[PDB]
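One chain comes next, on its own, written out as structure tokens in the form deposited in one PDB entry.
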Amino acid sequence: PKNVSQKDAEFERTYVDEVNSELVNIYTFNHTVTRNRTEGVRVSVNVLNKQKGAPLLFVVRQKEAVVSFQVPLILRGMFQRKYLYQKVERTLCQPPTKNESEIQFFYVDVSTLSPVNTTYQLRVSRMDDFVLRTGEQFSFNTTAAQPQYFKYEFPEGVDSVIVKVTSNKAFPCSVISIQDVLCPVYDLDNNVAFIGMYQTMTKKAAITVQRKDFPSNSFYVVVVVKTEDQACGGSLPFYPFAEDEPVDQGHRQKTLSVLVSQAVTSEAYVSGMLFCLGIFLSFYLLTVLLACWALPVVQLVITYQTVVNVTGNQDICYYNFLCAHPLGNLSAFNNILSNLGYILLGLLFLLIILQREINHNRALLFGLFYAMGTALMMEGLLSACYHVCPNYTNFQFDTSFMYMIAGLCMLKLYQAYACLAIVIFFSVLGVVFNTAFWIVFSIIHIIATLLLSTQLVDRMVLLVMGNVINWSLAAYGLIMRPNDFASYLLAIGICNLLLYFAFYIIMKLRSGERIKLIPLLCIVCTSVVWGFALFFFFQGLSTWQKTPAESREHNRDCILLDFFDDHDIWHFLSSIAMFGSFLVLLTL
């Protein structure tokens, strides 16, 4: 019959042995565990012979679960590709023990059916750093045939943590998943998307884990390295189309550093809420003291957020995963809260103009400004709902109405619904989507600027300088193209808005009309505020042009009060900038 050989081998020892169609090798391993200190066990095997027909079959048997594979392991690409790996390392799943100290046995068996010998080296390692300590960085190497996973044990008094994993070289692609502590652990390429919360990453990833979702007060962080970098956004290699010939990928590896850090406590929310309310209520107090002296987008966003919450797939929404603090079912509560200033400040504009109008009516004994105020209020709803799940499908509304508001300003400089609709449809056309665009957009910009100047000695030279600087900005955008058209469009919009604001001031200076102190302070304050507003807008925390794995590279931590990142500062300063721009028009 078949010859079976047995050995009671030990940890930390590479055994080199031969196997053919006749030999079956059994290795028994004893392992010591305790309830307080749990440590993982890793099986690592190499094959030093090249066989394409009959591989070696390895099985690892435990008390509860069994695992099995074949080496040289063959993984699958995209177009019926076959990648060959010779080294495979896997970490066994050990269910939590009941008794204080129980000795666990596990067996490793080797077999094959090839008619010729084959040499393999096998080693079992007692993985020392199985448990992840809070606030400590651990670096490890993973390839496509060597998935890894570490157990993190929620400390006493921690509500939730964040797992941050970073890498230096962007490629190869990888998947980082969080799973509950229950055998078995899905660390293979095909079942890694079954349960848990997973993110595909190339350089950086961050996953927020809560204790309410894990009753056992622990979880597993599983890292897997893909074979083809198409998911991360790379360019697939143009290897010959071999249907039944496996091609080796050479040396592909990923070095990753993982750190689990406690998240913000409840104070961060209270300080962030009090700070936001304190800033905007100060304008209400100041105005009282002075007086004394989209639906379909909402449905899509809600559906996508529910899909993210229930599926565990975190590749749908483009959050700022490094600084995004959840509350309830909302995954990034600070991003929603940052738009509260739109509501309060737009409503303050309605108060101030209502006071002005009633004063004028009493003395005697405005619709466009109301439209701008209502647009500002609508920002606080539409942009807030967008940030519940940012994506390329529903991105236009985040900045579109903003351009629309600018139009109203321009209209009050020219002195309605038709021009607003034209602006909305042009924004939709432009954001539907590219060197041909890079050229046609510049041509259309030049033509539109010339026509706008024509419709409007000092004036002709002034418009010539405006067109010259506009063409300079167009060439700037065309040459390097460091950012998307979405940022560029808002940039040219605000620059042209301040540009026309300055032209009106210059026309006033050429006349004998003297600007009062209040409008002068208003224009200066609005301009300086818009400065930092554009500064923070040009950061680009998350970009939706590329794959989400790439979009994760530009995440940055919380900057203000440990609650708000740069985009929230953009919201905060954009609200003030529009308030000042409107007050410039009102008091002009």
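Under this definition, the rigid core comprises the largest set of C-alpha atoms superposing within 1.5 Å between the forms. Sequential numbering from 1, following the sequence displayed.
Where the other entries of this protein model the residues before and after it, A242 is dropped from at least a third of them. Coordinates are given for every deposited residue between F238 and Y239; the gap count there is zero. According to the entry, the deposited sequence places 10 or more unmodelled residues between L456 and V457.
Keep in mind the form deposited in another entry is missing from the figure; the text below concerns it.
Here the two forms are overlaid on the core, and between the shown form and the other one the C-alpha of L541 is the only one among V529, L541, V60, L561 to shift by 2 Å or more. After superposing the rigid core, the Cα of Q230 is displaced by less than 2 Å between the shown form and the other one. The rigid-core alignment places the CA of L517 less than 2 Å apart between the shown form and the other one. Taking the rigid core as fixed, one finds a CA shift for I447 of 2 Å or more between the shown form and the other one. Look at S542 and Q199: in the other form their Cα atoms move 3 Å or more farther apart than in this form. Compared with the form shown here, the Cα atoms of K254 and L541 move at least 3 Å farther apart in the other form.
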